[PDB]
Structures are given as structure tokens and as C-alpha cells.
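This report concerns only the one structure given below.
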Amino acid sequence: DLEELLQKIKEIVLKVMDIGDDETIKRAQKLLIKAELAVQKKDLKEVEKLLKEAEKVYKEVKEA
Ligand SMILES: N[C@]12C[C@H]3C[C@H](C[C@H](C3)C1)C2
Ligand SMILES: N[C@]12C[C@H]3C[C@H](C[C@H](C3)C1)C2
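Below you can see the structure in the form of C-alpha cells.
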């Protein structure tokens, strides 16, 4: 499930790169790198948190 959550994070980062401004893109790219590190550490709770964070960042762009 670590890897699958990382996939969902990557999918959202792609959507942010498609519609977000460059500051939001940098925020999402840092989130992705953090998520890769958390996967490597097998820190499932952190990967779950970063997915919620990505969902929120994206929702806010999409709804602005
Ligand atoms: N302006 C930027 C373009 C691209 C995405 C992001 C980080 C780097 C590379 C600089 C913003
Ligand atoms: N692995 C990366 C994919 C993409 C380009 C670069 C910076 C970010 C976004 C993480 C390497």
C-alpha cells in the first residue's frame, strides 16, 4: 500500500503541474520528494499524511 499511495500522490502532483502556479508546483514537488523518502523509510503514516496534504493543495487550486 506504500507504493499505491505514492502513485496517487504522483497523479495529484501531475494535476497540480497542469493547472497550478509555479509556487504551488514547487510545493507539490517537495511533497512528492518527501513522499518518496517516506516510502523508502516505510513510514506509512507519513505517506498517508502527504496524500491528504496533496489532495488539499490540489482541491484549493481547483476550486480557486
Ligand atoms: N519555475 C520553475 C519551473 C519548473 C517547475 C518549478 C521548479 C523549477 C522547474 C522552476 C518552477
Ligand atoms: N523525481 C522528480 C520528478 C519531477 C522532476 C524532478 C523533481 C521532482 C518532479 C521529483 C525529479
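Just so you know, we're using the working numbering here: the sequence shown kicks off at -18 and counts up by one. Beta carbons: idealized from backbone N, C-alpha and C, even for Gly.
- Distance from the CA of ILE0 to the CA of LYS11, rounded to the nearest whole angstrom, comes to 17 Å.
- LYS33 and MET(-2) have their C-alpha atoms spaced approximately 17 Å apart.
- For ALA9, the uninterrupted alpha helix (DSSP H) run begins and ends at 3 to 21, by DSSP.
- For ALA45, there is no enclosing alpha helix (DSSP H), as DSSP marks it with neither H nor E.
- Distance between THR5 and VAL38, taken at the CA atoms: about 8 Å.
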